[PDB]
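The residues making up each chain are set out below.
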Amino acid sequence: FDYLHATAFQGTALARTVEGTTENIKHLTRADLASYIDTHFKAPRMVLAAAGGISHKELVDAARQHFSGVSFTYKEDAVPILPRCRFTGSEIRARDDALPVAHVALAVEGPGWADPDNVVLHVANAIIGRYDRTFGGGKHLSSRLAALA
Amino acid sequence: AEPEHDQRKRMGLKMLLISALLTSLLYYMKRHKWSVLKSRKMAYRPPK
Ligand SMILES: CCCCCCCCO[C@@H]1O[C@H](CO)[C@@H](O)[C@H](O)[C@H]1O
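Criteria and thresholds
Residues numbered from 1 in each chain as written, not as in the entry; some residues may be left out. Chains lettered and ligands numbered in written order. Part of a larger assembly, values for the part shown. Heavy atoms only, no water. Helix = DSSP H or I, 4+ residues; strand = E, 2+ residues; numbered from the N terminus. Rg over C-alpha atoms; globule rule 2.2 N^0.38 Å. Buried < 20%, exposed > 50% of the residue type's maximum accessible area, 1.4 Å probe, protein only. Contact = heavy atoms within 4.5 Å. Areas by Shrake-Rupley, 256 points an atom, 1.4 Å probe, with all protein chains shown as cover. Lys, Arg positive; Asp, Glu negative; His and termini not counted. Charge placed at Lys NZ, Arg CZ, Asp CG, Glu CD. Patch = residues over 30% accessible without salt bridge, like charges linked within 9 Å, V, L, I, M, F, W, Y side chains within 5 Å. Salt bridge = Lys/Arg side-chain N within 4 Å of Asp/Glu carboxyl O. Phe/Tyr/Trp six-rings, centres within 6.5 Å; stacked < 30°, edge-to-face > 60°. 1 Å grid on protein atoms, 1.4 Å probe; cavity = no way out; pocket = protein on both sides within 12 Å on 5 of 7 lines; lining within 4 Å. Points joined across faces, edges and corners; volume = space filled by probe spheres on them. Nonpolar A, V, L, I, M, F, W, Y, C, P; charged D, E, K, R; others polar.

In terms of helices and strands, chain A carries 6 helices and 0 strands. If you list the helices and strands of chain A from N to C, you get α-α-α-α-α-α. The C-alpha atoms of chain A give a radius of gyration of 23 Å, which is well past the 15 Å a tight globule of 149 residues would have. If you line up chain A on its principal axes, its C-alpha atoms span 60 × 45 × 30 Å. Expressed as a percentage of the 149 residues in chain A, the buried residues total 7%. Long-range contacts, defined here as pairs at least 24 residues apart, represent 50% of the contacts in chain A between residues at least 6 apart. If you sum the accessible surface of chain A, you get close to 14000 Å²; carbon and sulfur atoms cover 59% of it. When the 16 positive and 16 negative side-chain charges of chain A are each reduced to one mean point, those points stand 3 Å apart.

Here you go:
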């Protein structure tokens, strides 16, 4: 999946692994981690969520008390918009005939959270579904592809 | 010795034009497909 992003969004921000490079981890400094928390770990961009046997009100209180952010300028209160990521129809083939099995992933660009179509797309994905060696269903599974599989 | 003469050349004309136009179109299409392989980049990253 990394390689998938790595080439599907090649040249952009999304094309990076979460764990990052080796050179980065070998050299990242106290400063950077600090500055990262400082620049990103900010109130307007956080969300305290909770569920179970709790009082919404008591929760909001505890929050007001310990989540005491101070915002002066407009900068602090603004939620940055990220520079778009370009999708590129391409491929990356990492071969090693010494591995037991092969892995393949194919994809097209998606709409993104906002779009209502995401619903339809998930319905679609349900028609094809998924399968694997231990499904008891077998040759009778409703998913055409699982059958053939 | 060859009555066709005239028609044979009128054809030769049509042949050049279509031939010109067509060789071009197909030269693109050939390059189009092949691009995949022309631009291709490979690297040898043995494990360490
Ligand atoms: C690959 C190149 C194909 C060339 C196709 C040209 C077709 C020839 O065209 C011919 O022209 C003659 C005079 O204009 C007519 O009398 C013929 O009926 C016609 O078939």
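Following the structure, the description resumes.
Together, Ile18(B), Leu21(B), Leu22(B), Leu25(B), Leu26(B), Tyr28(B) and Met29(B) make up an exposed nonpolar region whose accessible area comes to about 710 Å². Residue placement: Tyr28(B) occurs in helix α1 (residues 5–39).

The subject of this paragraph is the packing of aromatic side chains. Residues and elements named next belong to chain A. Per the counting criterion, the structure on display carries 3 aromatic pairs over all chains. Geometrically, the ring pair formed by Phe9 and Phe87 is edge-to-face, given 5.9 Å between the ring centres and 75 degrees between the ring planes. Taken together, the residues span a long stretch of sequence, with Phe9 in the loop between α1 (2–8) and α2 (22–27) and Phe87 in the loop between α4 (56–66) and α5 (117–128) at a distance of 78 residues. Overall, the relative accessible area of 17% leaves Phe9 in the buried class.

Moving on to the side chain of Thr7(A). All names here are of chain A. Its place among the elements puts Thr7 in helix α1. For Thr7, a relative accessible area of 11% gives the class buried. In this view, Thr7 contacts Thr88, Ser90, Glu91 and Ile92; residues no more than four positions away in its chain are not counted.

This brings us to the pattern of salt bridges. The full count for this structure, using the stated rule, is 5 salt bridges over all chains. A salt bridge links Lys57(A) to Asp61(A); its shortest N-O distance comes to 2.9 Å. Of this pair, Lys57(A) and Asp61(A) are both found in helix α4, 4 residues apart, which corresponds to roughly one turn of the helix. The partner of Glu2(B) in a salt bridge is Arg8(B), with the nearest N and O atoms 2.8 Å apart.

Residue and element names in this part refer to chain A. For the second largest pocket, the calculated volume is near 460 Å³. Around the second largest pocket sit 15 residues that line it, and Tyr36, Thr39, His40, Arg45 and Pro80 are the ones nearest its centre. Of the residues that constitute the lining of the second largest pocket, the class distribution is 8 nonpolar, 2 polar and 5 charged.

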